[PDB]
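Asker: Mind folding the following:
(2 chains)
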Amino acid sequence: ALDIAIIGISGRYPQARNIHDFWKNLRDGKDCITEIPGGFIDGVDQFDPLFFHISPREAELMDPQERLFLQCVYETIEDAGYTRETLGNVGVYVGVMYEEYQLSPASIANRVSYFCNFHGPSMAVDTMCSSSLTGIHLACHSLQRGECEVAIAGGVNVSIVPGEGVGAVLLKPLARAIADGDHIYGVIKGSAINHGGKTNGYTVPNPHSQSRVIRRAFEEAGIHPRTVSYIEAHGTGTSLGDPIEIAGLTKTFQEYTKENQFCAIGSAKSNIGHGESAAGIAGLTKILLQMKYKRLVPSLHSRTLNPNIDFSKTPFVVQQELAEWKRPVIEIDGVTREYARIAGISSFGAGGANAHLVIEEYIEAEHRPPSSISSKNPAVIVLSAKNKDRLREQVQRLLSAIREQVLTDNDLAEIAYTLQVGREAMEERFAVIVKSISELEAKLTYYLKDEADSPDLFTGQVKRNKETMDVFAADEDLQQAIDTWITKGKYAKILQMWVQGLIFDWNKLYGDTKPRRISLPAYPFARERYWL
Amino acid sequence: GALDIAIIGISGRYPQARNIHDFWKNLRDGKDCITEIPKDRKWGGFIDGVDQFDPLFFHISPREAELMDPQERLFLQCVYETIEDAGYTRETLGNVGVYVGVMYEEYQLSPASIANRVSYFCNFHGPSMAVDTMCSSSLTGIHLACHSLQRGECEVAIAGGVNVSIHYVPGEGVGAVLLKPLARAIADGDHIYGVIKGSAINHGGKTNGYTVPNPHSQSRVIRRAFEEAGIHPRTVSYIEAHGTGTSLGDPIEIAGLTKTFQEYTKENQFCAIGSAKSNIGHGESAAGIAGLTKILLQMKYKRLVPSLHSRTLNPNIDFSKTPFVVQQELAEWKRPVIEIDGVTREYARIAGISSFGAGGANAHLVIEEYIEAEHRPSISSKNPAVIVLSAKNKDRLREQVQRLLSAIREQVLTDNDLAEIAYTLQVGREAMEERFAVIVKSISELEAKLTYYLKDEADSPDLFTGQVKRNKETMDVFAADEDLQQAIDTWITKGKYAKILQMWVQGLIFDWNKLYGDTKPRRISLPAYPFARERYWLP
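Answerer: Numbers count the residues shown, from 1 in each chain, chains lettered A, B, ... in the order given. Sure, structure below:
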């Protein structure tokens, strides 16, 4: 069993600049196939090169995919609650076909590996659609072996029904993710890739090959296909070779059980079009969001089922309405048991490069933060950005996230922690000491209003203070002083100096059992255009 | 594990070399293959016949041929050539992986096709993909394939690279290798050019500038590879480098290699070092794949070749203080004897190769020669060789007879290799419409009979010609019968080879393996099908 945990996602897909917006469009059932400004994405060229130490020229030269994927990978890293310097030996695998420019696509990954100091393997795989899913497969096995401690898989498609989109996933072994208290969107249990061979024509798919790849995947996963509850399909209902796909699945299902209409099935490419690589990463993201919010969403334009596909004789039901995704109870070989939310995804390349993944939801065995927050030991919320525009946007997005996500006094410890270690220290800095969620809400809204002076609200920069804050750390005696600051709990002085530049290991605050991380909003990248 | 992945077949086309033997000629002699731009299309090494192709061989319409990108076409031909060099046909493997490095230069006025097409024509059900890095694209591919074999994902794999220019020194080229675990290749009596014992890939990270190489990363990848190989770097005898030495940041490269070598031994000037990119330029992916072929040819002919243009190397790299001597002359590559931890022993011919990507994607491979631990041997008039050739028409059949004689001469084969020649031509070549066959006892006999066929003679005995276009329904009934199949079995057992050939040239299908009731012989490199060289381009 692979047991590879997914601990971070980001992406930008049509009519959805962020992942939460993507869930909105999927759950509501929006058809995101807009007219040309095929489904397309907002801000193909938008980028914040000064953030990445990139000259505006180099930005204009960079293919939009390199830029967007770099931004999306930073977004995933921040979503997982890590920074570039806290991983590990990290692989970077990216699927892509279109890198059209004028006077290579490996840059897309290499740049990332270059910008994050990732010493693990960095490549871009191409297998047409499967380009995305194949990447994941490779990454996963590169982890199974030990080639890398962590990985980044993803896809990106920008065209100049087609469908644009970029997306990225961070991958880590399940063992050390449980151990390191990451938040786990799901677990990859099995993966498989293969090819059709000499079919009756080129670009024509071999159903026997699809059945074989899907069997091989579930076998690697040690998962009986009856336990399956959802299948992200490669194509939509009108796609010419969608019949073959269904048939193949059904064959490899009938080997293990002859039952019919028990597993849900859909495709996100009916909502945002066929993005090929973007489509693979988007299908994975749809499965993971379904698992998070415990709901099957509908695949659109599936109404009035095609006569070519009589699902009645297959174990697959087309999700037409939004419905609850319940953990199924099933009798199998005379064993009646409840099984977890399990899903499969298929991406078949036009050339014949088939790929299938098997995904199980994550369930914490035993773990809870006993709301340690109080006046004796409070929460220490800290944000930072490259300037004040972005710092204020960050405060805003944090407030809106605490609201739309509905966080509580129990998550304060975790919120604080994720913002402390899972955010990179920037030039413009803001911080508060808090006990309840309402206190933090009040202080953030206070900062937001134009006031030069605030109560117990620490602001600062690093532009000004360099040599003094520097000379601080360059001494053991003064370091002992900061350590005693922590022990005594003078958090207010610590913040008053941190806003000026002082750097200190947040882990020192609590000597044991650091809390879990959470999905917090990413750095609000400046949206400047570059296209030449 | 030790990762013992055997190489059992090669093919390729590199500048000023349509064949692999021609490539060895250019390397051993020391030719500088950097021509100026030829006519069909300012400096850089280029390859003959980008547009040459044989589409009817692959059941491909000529229009579709004009549409196909040259990389797809050339790599498809090269993979068929590699399979035939290994002594197999597409229907005798096994579930085969296909990994190919390549860079995007498509005119189109996706590259995954390059691999998928191959998998389509060979009925390969294993993984088929295109790896993308800068140069390392070729070497990285191999790495993946190798580990994909270590795992069992595929029974065998095809790795390769391709680079074709249309508009520092560029270098074109296409090439491919067939990979099989050492255990089951030794067992199946394949010919083994070498064993991949280690492989590694990594990335530089944030260096002081993008496209700037990290020396520590190169040292790290080279260690990890040698660790996977369980090989002490002192036993190393040749190391193919990424750059020429004149390259601006090539000092970094040498320094890195030296860093990772001095960890294990402090000796200097003990290992040879060179680069094939001095001969054919910087080809990105294709060049990475070509370095491996250079290493394997050095291992075959037991001789180190020279790396050219060694006067221009930067003085900043005083090799005197490094364990690397730049091979200037053609020399014999003798198995080194070395004392290690107080054990003095002869070690095998071992070599390393490096491909470093402009973006930072580094890759290194470690290769050992193969050594048969088993006695080698039957041909006579009592039990003769059964030489059999076949092609899609008569032009190509005559070219096949010609190339077979010219190879029997330039390769210097003997009466002991007759068994292997016959066998490889029997099982390792695909039976086509136009057919030729002979029964032989000595190599001189086969030479005479081939030169006989080749010279204009209408019809002669002990020279079996035939076709299959005409004979279909009658020849079919043979295989479609239990009694009649038993009859052909009695034919083979009794040895009526002449009747069998007289019928094979007409279409008959029968298991050549029946010829040898046990312990069938090994395979060897015989020249591949002579692809038609018809042109196909675009308005």
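
Asker: Can you tell me the element the residue of the stretch 401-532 of chain A found nearest chain B falls in?
Answerer: At 13.6 Å from chain B, residue A:424 is the closest residue in the stretch 401-532 of chain A, using Cβ to the nearest Cβ. Any C-beta I mention is one placed from the backbone N, CA and C, and that applies to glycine too. When elements are assigned from DSSP states H and E, residue A:424 belongs to no helix and no strand.

Asker: In this structure residue A:220 contacts residue A:213, no?
Answerer: No: using Cβ atoms under 8 Å, residue A:220 makes no contact with residue A:213, being 10.7 Å away.

Asker: Quick check: neighbours shared by these two?
Answerer: Residues touching both residue A:220 and residue A:213 (Cβ atoms under 8 Å, 6 or more residues apart in numbering or on different chains): residue A:192.

Asker: And these two? Which one has more around it.
Answerer: When residue A:220 and residue A:213 are compared for neighbours, residue A:213 comes out ahead with 27 against 19, by other Cβ atoms under 10 Å in any protein chain shown.

Asker: quick one: the more buried one is in a helix?
Answerer: Yes: assessed with DSSP: H, G, I helix; E, B strand; the rest coil, residue A:213 lies in a helix.

Asker: Which residue lies closest in space to the residue of the stretch 401-532 of chain A closest to chain B, excluding its sequence neighbours?
Answerer: residue A:83 (4.5 Å; Cβ to Cβ, 6 or more residues apart in numbering or on different chains).

Asker: how many other residues sit next to the one you found?
Answerer: Residue A:83 has 16 nearby residues by other Cβ under 10 Å.

Asker: got it, and residue A:189?
Answerer: With other Cβ under 10 Å as criterion, residue A:189 counts 21.

Asker: tell me the contacts of it?
Answerer: A:1-3, A:220-223, A:358-360 are the contacts of residue A:189 under Cβ under 8 Å, 6+ apart.

Asker: Which helix or strand contains whichever residue of the stretch 201-350 of chain A sits closest to chain B?
Answerer: Proximity of the stretch 201-350 of chain A to chain B (Cβ to the nearest Cβ) peaks at residue A:202, 5.7 Å away. In the assignment (DSSP H and E), residue A:202 maps to no helix and no strand.

Asker: Spatially nearest residue to it (excluding sequence neighbours)?
Answerer: Excluding its sequence neighbours, the residue lying closest to residue A:202 (Cβ to Cβ, 6+ apart) is residue B:120, at 5.7 Å.

Asker: Surely residue A:420 touches residue A:383?
Answerer: No: at 10.3 Å, residue A:420 does not count as touching residue A:383 under the criterion of Cβ under 8 Å.

Asker: What helix or strand is residue A:124 located in?
Answerer: Per DSSP H and E: strand A:122-126 holds residue A:124.

Asker: What pairs with that strand, parallel or antiparallel?
Answerer: strand A:90-95 (parallel), strand B:128-132 (antiparallel) (DSSP bridges).

Asker: I'd say residue A:88 and residue A:150 touch.
Answerer: Yes: between residue A:88 and residue A:150 a contact is recorded at 6.6 Å, counting by Cβ under 8 Å.

Asker: burial count for the residue of the stretch 201-350 of chain A closest to chain B?
Answerer: 18.

Asker: about what we covered before: which of the contacts of residue A:189 count as buried?
Answerer: Those of the contacts of residue A:189 that meet the buried threshold are A:2-3, A:220-221, A:223, A:358-360, by 16 or more other Cβ atoms under 10 Å in any protein chain shown.

Asker: For stretch A:116-133, buried residues please.
Answerer: A:116-133.

Asker: Contacts only, for residue A:39.
Answerer: Counted by Cβ under 8 Å, 6+ apart, residue A:39 has contacts A:13-15, A:32-33, A:161-165, A:271-273, A:275.

Asker: same question, residue A:514
Answerer: Applying Cβ under 8 Å, 6+ apart, the residues near residue A:514 are A:181, A:417, A:507.

Asker: which of those tops the neighbour count?
Answerer: residue A:417 (25 neighbours).

Asker: That one contacts residue A:517, correct?
Answerer: Yes: using Cβ under 8 Å, residue A:417 is in contact with residue A:517, at 6.6 Å.

Asker: what is in contact with these two at once?
Answerer: What both residue A:417 and residue A:517 touch, as defined by Cβ under 8 Å, 6+ apart, is the set residue A:81.

Asker: pretty sure the residue nearest to residue A:424 contacts residue A:77?
Answerer: Yes: in this structure, residue A:83 is within contact of residue A:77 by Cβ under 8 Å, at 6.7 Å.

Asker: Give me the number of neighbouring residues for residue A:416.
Answerer: Quick note: residue A:416 (other Cβ under 10 Å) scores 22 neighbours.

Asker: Pull the contacting residues for it.
Answerer: Residue A:416 neighbours (Cβ under 8 Å, 6+ apart): A:379-382, A:434.

Asker: same check, this time on residue A:118
Answerer: Taking Cβ under 8 Å, 6+ apart, we find residue A:118 in contact with A:84, A:87, A:89-92, A:112, A:152, B:203, B:205.

Asker: What count of nearby residues applies to residue A:112?
Answerer: A count of nearby residues for residue A:112, using other Cβ under 10 Å, gives 28.

Asker: Identify the residues contacting it.
Answerer: Counted by Cβ under 8 Å, 6+ apart, residue A:112 has contacts A:69-70, A:73, A:92, A:94, A:118, A:122, A:152.
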